[PDB]
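Below is one structure. I have some questions about it.
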DNA sequence: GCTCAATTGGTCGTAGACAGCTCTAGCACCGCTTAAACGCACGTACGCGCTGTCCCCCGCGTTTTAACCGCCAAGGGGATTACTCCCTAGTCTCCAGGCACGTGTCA
DNA sequence: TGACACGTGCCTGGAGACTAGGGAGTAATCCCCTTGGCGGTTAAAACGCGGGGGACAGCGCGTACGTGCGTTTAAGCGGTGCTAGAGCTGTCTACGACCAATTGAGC
């Protein structure tokens, strides 16, 4: 599904970062880096979900996975 | 004016341990300014700990704790 | 000419920049390898998206300076690789 | 006479193999008091505390030079220059 | 019951800006912020209490935790506010 | 005082029966053990309250180990952790 | 007749609830009476600090409710709040 | 009635009772179930043996017979797992790995 | 509107505030020795400024496809509840693991 | 050669036992929010054309860096001297934990 992260979206995100001009090869590297970040967070999240014996992953599991990885996120509780 | 006692050879030997082959002549003063700040940040913590305990002699475990707070955990002295 | 005005618009604006459905399918694809037939609460995907886009925005902000150091205008793959190396990722 | 840049490699291979402290002891010993006197007068110091400070500082500087050399490599230079330190520190977050 | 700091943030906002309202989203941000810093201070005070081998948390521990945790000006004001509070509370 | 200095020696004798250890490296080992102890106990302490439980059971240690340790350390550490517990309860 | 301890210190934040958290949090086995008053005073000061800048931002925008964009515009402009919350990121906060 | 240690029961060298007491007195929870210290002691003993194996191998690889901090540093930075766990540790007298960048070697 | 948790009153166990004593090691000074830092010199390697050129990105247009909206079904599992019991803290005894202090010989 | 290894006295940290009681393992009913499906439209994504700007290889050149011999200076090692102060001991009372009854801030 990783080709579902469209080239326009990557362009918009880099524009929010202030990049004026973007090389044609950046897209596959950006997809790889996004995928390894997601995999790490999802692994920790599911580890909390399993220890709680829940079947639904909650927003608290994501908030805790992000905090343990060292990046505090406010707004979701 | 003891900060000059970190001599140019010492900064060269340190940069050599990091693999740096060639060094521009302004690197020394920037290195001294960087070190001064890092020292002040560590000592300000250590002296806060020494004062809260009402000791006067600053003790090595105080510095171990200062480093542990600043994320640079040091093994061996405690 | 337009890219600077685009930069202004997207920094002034506050919407999410990745379409929802593809990101949601990607998340459910990934999760399957760790446990089968999970469910995701509605806000969990929003929390993941709000993390990942901000992470990339920060990575691109660092990449921009990594490019300017080379006296380049354009960012290239090795700029991202340097950024991650110095960041210790 | 060796030509330039060969001895630097032998120096690196030595100083990466050895473990001795590279800063002179007594000057740093004086420097620590000349700083700390700003925070309290008539402070007194354990010898171990100064040795710990020295170990931490040398580790920090070597850690910063290891990152700083990558900036020089990325610009296809071999000379490190102050803007390399500035960039490295700005990315690292300090 | 979903106990919260929100009804106190309301009071502080009214004191600072009597015309100004607040959205539920900013309230959730503020409540999470307070539930963060409370834990950071109490944890750091805990470590100070154990490194001295003391049974008791006292205002000296909270004061030194604040001095270590908060940057310069925030600490400099906050210590004066806490000292004024604890004195006037002792006066009653 | 208290230290682990008997037990690290007892392990060295099992794993390298010629070799000795300097007290200067003994101190490093002792601090390393205290560090890992405090990490594991901290994270086990979180899971109890995240689940609104009063106790620490073996499940909390198992999960904190799985979260903190990397995968290939975690699989074996968990494996013989359950081995040790199974021996204990069967003895 | 009871007069709540917050009112004795003149704080808004609840010295009761804060002392309940300090006791129930297993931080230490005993908690002396100055701790929760001091802690409530500090938290109230920090709340007033953040709200003041958020309201100033809303006023400059010619709006009247502070919204998270205004909070990010506050925190990222103060040279010391940006050190306290340097790692924290704000949902919908955007960038400068 | 002859006392026999819980470590001997568990087949462990590390002190199970001392771990149990450190947990009980550490304020980590209001209760500490009977299986927690055996598991934690086994985990610690595994990691200790994993370190000391690599240290002994580095001793032989340097024809020394006494482990010293250099050998610990090499035991740690020469493993992709131990280095990920010991990310923040600085080791006194430990020195560094030999790793010159290939860009800088002679033409 | 109304309830459960914060307030006031009392008991009382103890640990930490005060005073004494001590013997460690941090501070100060004398001298001898010489490792290391400082200074001056010049040769040449590298960084920096300039030109020509090129191919690949930016910007515009039409197509097209699936993201989105909104309404309708339904049923899995998060949530709360009442019962129970077996687990773990408190106490007491009594005994041996390992802790200061000593000694010596070989990596 | 002086740090680690083996030895000794000894004492308080661990282990075996019973009591007491409440945390959470258990089995049930619930209902709400998650998953599935429909029409459709029109916002955004995709494919082509066109080109001129940014990237960059070859080149010139000179000044900034390095490698070396000589001078010296303050660092390093050892000796005596000492008394401030960390650390342990003995005392005892200020105060903070626990129970109850009450009622109003908060939900």
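Note that chain H carries Swiss-Prot numbering, so the residues on display, from first to last, are 13-119.
Determined via electron microscopy, 3.6 Å.
Heads up, the Cβ atoms here are built off N, Cα and C, so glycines get one too.
Feature list, courtesy of Swiss-Prot:
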CROSSLNK  H:14  ubiquitin cross-link
CROSSLNK  H:16  ubiquitin cross-link
MOD_RES   H:37  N6-acetyllysine
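Walk me through where these features lie, including what they touch and how far apart they are.
For residue H:14 (ubiquitin cross-link), the Cβ neighbour count at a 10 Å cut-off comes to 3, with all displayed protein chains included. In three-state terms derived from DSSP, residue H:14 (ubiquitin cross-link) belongs to neither a helical nor a strand segment and is classed as coil.
Of all the Cβ atoms in the protein chains shown, 7 others lie within 10 Å of the Cβ of residue H:16 (ubiquitin cross-link).
Around residue H:37 (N6-acetyllysine), a 10 Å sphere centred on its CB holds 9 further CB atoms from the protein chains shown.
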Determine, from DSSP, whether residue H:37 (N6-acetyllysine) sits in helix, strand or coil.
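DSSP call for residue H:37 (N6-acetyllysine): helix.
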If one measures from the C-alpha of residue H:14 (ubiquitin cross-link) to the C-alpha of residue H:37 (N6-acetyllysine), what distance in angstrom results, rounded to a whole number?
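About 28 Å separate the Cα atoms of these two residues.
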